[PDB]
S.K.: 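One structure, pasted below without further comment.
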Amino acid sequence: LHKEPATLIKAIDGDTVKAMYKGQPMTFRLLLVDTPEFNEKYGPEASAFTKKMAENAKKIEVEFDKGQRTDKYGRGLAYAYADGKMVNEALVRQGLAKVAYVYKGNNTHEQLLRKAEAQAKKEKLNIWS
Ligand SMILES: Cc1cn([C@H]2C[C@H](OP(=O)(O)O)[C@@H](COP(=O)(O)O)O2)c(=O)[nH]c1=O
Ligand SMILES: [Ca+2]
């Protein structure tokens with residue numbers, strides 16, 4: 001996999017951000033995770049975490065996997081990085097997202113994220129408290 005440039009337009013919720021990619025606005029849905037909806041417990045916290053991470057970065061980058069690049073809703077499916085740090089991983093590490101939607105063919109960073117989730121669950125963080 002390789003990182004590609006994108007510029008942040010808006011953080012939307014815990015697991016979706018709008019960003020300019022190859023010069024067009026795209027809503028990206030983070031691969032391999034599921035944050036609560038904003039209306040659910042830890043939703044506002046997941047939203048705030050992704051908003052702070054993305055907005056504070058000097059650069060954002062997106063990294064597509066080997067399989068589907070867009071979902072049925074037209075959303076880009078990617079791993080997003082904020083100054084080299086993966087947002088998908090950070091959310092899971094903080095107990096603000098569960099590893100989810102792991103589809104064969106589009107699961108390159110599955111084990112990285114499952115390692116993170118085990119550690120969040122150990123520390124009983126947020127969703128795991
Ligand atoms: C993360 C991810 C979500 N999706 C789809 C499956 C779910 O469809 P259904 O909407 O029919 O439930 C939906 C979940 O997104 P949200 O968690 O943003 O709702 O997005 C994918 O198709 N591929 C993916 O890699
Ligand atoms: Ca969600």
Side-chain angles (χ1 to χ4, degrees):
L1 309 192
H2 71 284
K3 302 176 175 84
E4 299 182 55
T7 314
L8 185 58
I9 297 155
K10 204 64 194 315
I12 298 165
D13 75 345
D15 62 16
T16 53
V17 292
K18 187 157 192 214
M20 188 85 73
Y21 170 69
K22 280 169 153 149
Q24 309 291 334
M26 261 229 54
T27 294
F28 284 91
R29 173 58 165 87
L30 293 183
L31 279 173
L32 305 187
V33 303
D34 191 33
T35 52
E37 303 300 320
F38 174 92
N39 84 281
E40 287 153 358
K41 198 168 174 212
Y42 302 107
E45 285 78 18
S47 299
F49 182 98
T50 294
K51 171 184 161 76
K52 181 169 161 192
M53 189 163 174
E55 279 183 356
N56 301 1
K58 176 192 329 182
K59 60 175 178 191
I60 304 281
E61 283 166 294
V62 298
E63 175 182 61
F64 298 93
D65 207 313
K66 294 258 96 128
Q68 186 164 105
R69 291 188 173 204
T70 53
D71 72 14
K72 66 192 177 180
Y73 300 111
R75 304 179 302 180
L77 293 175
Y79 309 99
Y81 295 85
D83 294 334
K85 202 110 331 158
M86 201 197 300
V87 178
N88 311 47
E89 187 187 13
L91 289 154
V92 176
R93 184 57 187 90
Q94 288 312 303
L96 281 175
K98 293 187 184 178
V99 182
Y101 299 103
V102 182
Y103 295 98
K104 151 201 201 184
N106 235 18
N107 69 336
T108 298
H109 301 302
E110 178 185 1
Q111 181 53 43
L112 178 78
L113 267 40
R114 292 197 186 280
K115 182 56 173 312
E117 187 171 89
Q119 196 65 48
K121 210 169 322 197
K122 268 224 298 293
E123 309 177 351
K124 305 295 280 301
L125 290 177
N126 296 303
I127 289 170
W128 309 111
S129 72

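One-based numbering, in listed order, for ligands and for the atoms of each. When reading the values below, keep in mind they use all heavy atoms of this one structure, side chains included, and skip hydrogens, waters and symmetry mates. Just so you know, residue 1 is the first one in the sequence shown, and it goes up from there.
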S.K.: Judged on heavy-atom distance to atom 22 (O) of ligand 1, which of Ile12, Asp71, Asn88 sits nearest?
M.R.: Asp71
S.K.: Side chain, backbone, both or neither: which part of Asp34 comes within less than 4.0 Å of ligand 1 when only heavy atoms are counted?
M.R.: side chain
S.K.: Heavy-atom distances under 4.0 Å are what count here, so tell me which part of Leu32 touches ligand 1: side chain, backbone, both or neither.
M.R.: neither
S.K.: Considering distance alone, does some N or O of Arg75 sit under 3.5 Å from an N or O of ligand 1?
M.R.: yes
S.K.: Looking at the Ca ion (ligand 2), is there an N, O or S atom belonging to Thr16 that lies under 3.0 Å away from it?
M.R.: no
S.K.: Does ligand 1 come near enough to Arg29 that some N or O of the ligand is less than 3.5 Å from an N or O of the residue?
M.R.: yes
S.K.: Quick one: do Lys51 and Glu55 make a salt bridge, cutoff under 4.0 Å?
M.R.: yes
S.K.: In this structure, which one of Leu32, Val87, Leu30 forms a side chain to side chain contact (heavy atoms under 4.5 Å, CB included) with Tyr79?
M.R.: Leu32
S.K.: Tell me: protein heavy atom nearest atom 23 (N) of ligand 1, and distance?
M.R.: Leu77 CD1, 3.7 Å
S.K.: Using a cut-off of strictly less than 3.0 Å, determine whether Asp13 has an N/O/S atom near the Ca ion (ligand 2).
M.R.: no
S.K.: In ligand 1, which numbered atoms sit nearer than 4.0 Å to a non-hydrogen atom of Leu31?
M.R.: 25 (O)
S.K.: Does a salt bridge link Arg29 with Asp34, judged by any charged N lying under 4.0 Å from a carboxylate O?
M.R.: yes
S.K.: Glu37: which N/O/S atom is nearest the Ca ion (ligand 2)?
M.R.: OE2
S.K.: At what distance is the nearest protein heavy atom to atom 11 (O) of ligand 1, and which residue and atom is it?
M.R.: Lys72 NZ, 2.5 Å
